[PDB]
Each structure stands twice: as structure tokens, then as C-alpha cells.
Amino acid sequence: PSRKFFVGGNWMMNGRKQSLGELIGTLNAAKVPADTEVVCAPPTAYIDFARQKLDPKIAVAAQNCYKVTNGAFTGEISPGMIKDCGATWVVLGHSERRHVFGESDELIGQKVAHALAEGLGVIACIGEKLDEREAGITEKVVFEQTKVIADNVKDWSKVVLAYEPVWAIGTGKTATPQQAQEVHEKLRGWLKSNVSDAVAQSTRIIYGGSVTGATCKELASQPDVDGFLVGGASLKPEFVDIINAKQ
């Protein structure tokens, strides 16, 4: 069975009810291809709102969660709350969480374990910074990040891996499609060697670097790129073009 093309739209910390309402209206109107899995991740205040307005064909993801079901953790939400709001995914280990808010691999691992235990799907994010790539340790970094995730996964059917080329985000650097493919191929090889062949074959590995309507078709044609985690462009009509990257 082919890996189903997966496109996640991460709205990050953007939007209000009115503007997200318009965004959602555009997405509902768009004809999503068969065999294409679309997921939108609203700001945490709008998970409930977004699920109510979005067509059921589009799934909703939380942008983060914590590692227990309830507790004295002012400012956090649990997988239980996310599910209760009708969302079915959570983004974990996103570059912004790791590098702005200092979330450790250990913590991310604990979050993955809990989210999966609770019945959520997980979009698990990995990626190396510019100083890490320039030091020639891309492989070591993303393998270690993936290992911690893998150590906390008991069912990969609910997991999507997202590779973020952080070295090519906000640094002025650009990644070619071959550079994306190179990392994706290594990651799938890691899954094959450390988890199983079945998991390597079936697990979506999506690209989280710069992608546009003009570049998405070429990136999507790379053998080991299974879709995208889209940031800024997920807020624009351009997102529809990216959903249709296989058409």
C-alpha cells in the first residue's frame, strides 16, 4: 500500500476568529483530492472554534500538549482536552518549541508517549540548525531526535515524521529538493534499521522546509518525501496548491 500523501497546515500563532473564519471558508470550498490527508493546526485558543467550522474531511491538530492528563500545569493542555475539542492530532517537537521555548528531547519523548497512549495522532518534528549542518552533523542530530521519538512509539500507524530544515529557515539559506530527499531517505533508512522494514515502508515523512505553489510539485515527487508541514503558506490560498502537489 502506497503511503498516503499528507499535508499539514500549521497556522502557528496567527489569526483571530474572523480571519481564521475566512481561511476556513476557503479550505472548505476547496476540492481536496482523494487519497490526500489534510490536517490544520490552529492556535490553541481556537482548536474548538476551528473544528466546529472546518469540514470533517479536514482534521484538526493541536500545536502542542503536555505529558500528563491533568495537573498543576498552568498554561498547558493535555491530549484529553485536545480530543475533547474534537481534534485528532498534535504537533510535538516543533522547531519553535525546541529552540524558542527550550523543550528537551526527553520532554518531547514523554509527550509523544502520552499523546499516543491517549489515542491522538502525532506529527513528530525533527531537524538540525545551521551551525549543526555546517559542522557536518545533520545525520547525528536528526537520528538522535528520531531515536527519542521512536523509543516512545508503540504504534507508528498514528505517527507522522516531519523534517524541518531549521538550517534553511530564517537563515538566508535555501534547501534544494535533493537536499530534502537526502535527509528523508536517511530517516527512512534509520526506521528500517532501528525499528522495522514495515514501519520504514508505511511511515509518512513530510517536509517542513520552505515550500510554495511553484516548488511543491517537485518536492512532492521525491521518492521519500510524503508531504508537507506548512507554516506561513498555510495561512494563504497557496495552501490549496500545496494540497494538490500530487495532481
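For every residue, the number given is its place in the sequence shown, counted from 1.
Q: Could you check which stretch, 59-67 or 198-206, carries the larger mean CA temperature factor in the entry?
A: Higher mean C-alpha B-factor: 198-206.
Q: Identify the stretch, either 92-100 or 74-82, whose C-alpha atoms have the larger mean B-factor according to the entry.
A: Per the deposited B-factors, the answer is 92-100.
Q: Specify which of 180, 45, 38, 41 carries the largest Cα B factor in the deposited PDB entry.
A: Of 180, 45, 38, 41, 180 has the highest C-alpha B-factor.
Q: Using the B-factor values recorded in the entry, state whether the Cα atom of residue 237 falls in the lowest, middle or highest third among the modelled residues of its chain.
A: Highest third - that is where residue 237 ends up once the chain's C-alpha B-factors are sorted.
Q: Going by the entry, which third of its chain does the Cα temperature factor of residue 158 land in?
A: Middle third by C-alpha B-factor.
Q: Quick check for you: using the entry's CA B-factors within this chain, is residue 148 in the lowest, middle or highest third?
A: As the PDB entry reports it, the C-alpha B-factor of residue 148 lands in the middle third of its chain.
Q: Please place residue 119 in the lowest, middle or highest third of its chain by C-alpha B factor as given in the entry.
A: Its C-alpha B-factor belongs to the middle third of this chain's values.
Q: Give the position of residue 15 by CA B-factor within its chain, expressed as the lowest, middle or highest third.
A: Lowest third, going by the recorded CA B-factors of the chain.
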